[PDB]
Amino acid sequence: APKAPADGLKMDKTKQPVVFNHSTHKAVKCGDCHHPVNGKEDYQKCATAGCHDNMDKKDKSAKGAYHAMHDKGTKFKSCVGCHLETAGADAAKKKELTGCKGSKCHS
Ligand code: HEM
Ligand code: HEM
Ligand code: HEM
Ligand code: HEM
Numbered sequence: 001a002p003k004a005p006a007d008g009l010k011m012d013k014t015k016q017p018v019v020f021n022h023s024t025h026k027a028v029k030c031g032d033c034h035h036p037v038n039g040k041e042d043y044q045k046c047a048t049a050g051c052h053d054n055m056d057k058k059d060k061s062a063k064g065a066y067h068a069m070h071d072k073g074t075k076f077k078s079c080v081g082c083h084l085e086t087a088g089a090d091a092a093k094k095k096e097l098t099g100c101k102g103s104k105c106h107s
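Okay, so the sequence shown: first residue is 1 according to the authors' numbering, each after it adds one.
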């Protein structure tokens, strides 16, 4: 089995880098994030060539990196999509977990 890496991982393909902590996500199954591709959970970096390697933040294809982290209605819950469900009607949690600035993802 692949092992979860250390906390403090920087996602840094963009000018708005974000820190990802596996430990705060330990209740989520690994494969919900490292989702199947060709029938096998894929543990490569999300923006690997052929994966979410389209760095145009308006792209909505399966290659759009922004889309994969921010949008609702995706085949796997995105970072923002899952956080919206988690926050519910709690506006303070919405700001913390889904805000575009001054949130836990973006300062
Ligand atoms: C579940 C226990 C689980 C495992 C196992 C796992 C592994 C894993 C690895 C090996 C990496 C490093 C990939 C690399 O080669 O750099 C990695 C990175 C990320 N993970 Fe993960 N991961 C597990 C669980 C989860 C869960 C539940 C999520 C989503 C909430 C998640 C997400 C990520 C993200 C994002 C990264 C960074 C990838 C990037 O492109 O740098 N993981 N994980
Ligand atoms: C890295 C942890 C990672 C994330 C995050 C991620 C997200 C993601 C989402 C949210 C979707 C659905 C988008 C939609 O519009 O429905 C999605 C879809 C696909 N991904 Fe992905 N993905 C991550 C990692 C990887 C890796 C490493 C690859 C390439 C091997 C990859 C590829 C794809 C493909 C292809 C799709 C479409 C799959 C389908 O069943 O339709 N992703 N990803
Ligand atoms: C997608 C790569 C992704 C990111 C980025 C992300 C970030 C994140 C942060 C910054 C926190 C706050 C705690 C910390 O600093 O680690 C946080 C918290 C929760 N998340 Fe998350 N998260 C991403 C993805 C996902 C996905 C796909 C889910 C659900 C399927 C999810 C869930 C949660 C939950 C639950 C928490 C705790 C909420 C709380 O109130 O603290 N995240 N995430
Ligand atoms: C609020 C809906 C929101 C906005 C707007 C937003 C914007 C944003 C930008 C402009 C980028 C860079 C895109 C580029 O290629 O230039 C970016 C990148 C990431 N974001 Fe974001 N973002 C918003 C909210 C959130 C939230 C609440 C999270 C965490 C749950 C989050 C996550 C991410 C991640 C991950 C990236 C990629 C980081 C990297 O690889 O550099 N965003 N976002």
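Backbone N, C-alpha and C define an ideal beta-carbon position, used for all residues, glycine too.
{"Check": "Figure out for me which residue from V28, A27, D42 has the closest Cα to the Cα of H34.", "Outcome": "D42"}
{"Check": "Helix, strand or coil: which one does DSSP assign to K95?", "Outcome": "helix"}
{"Check": "In the segment 29–78, which residue ranges form an unbroken alpha helix (DSSP H) of at least 4 residues, counting only runs that do not cross its ends?", "Outcome": "30–33, 65–70"}
{"Check": "For a quick check, are the C-beta atoms of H106 and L97 less than 8 Å apart?", "Outcome": "no"}
{"Check": "Taking C-alpha atoms, which residue in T48, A1, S78, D7 lies nearest to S23?", "Outcome": "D7"}
{"Check": "Please confirm whether any heavy atom of ligand 1 lies closer than 7 Å to the CB of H35.", "Outcome": "no"}
{"Check": "Near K101, which residues of its chain fall below 8 Å by C-beta distance, leaving aside the five closest residues on each side in sequence?", "Outcome": "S107"}
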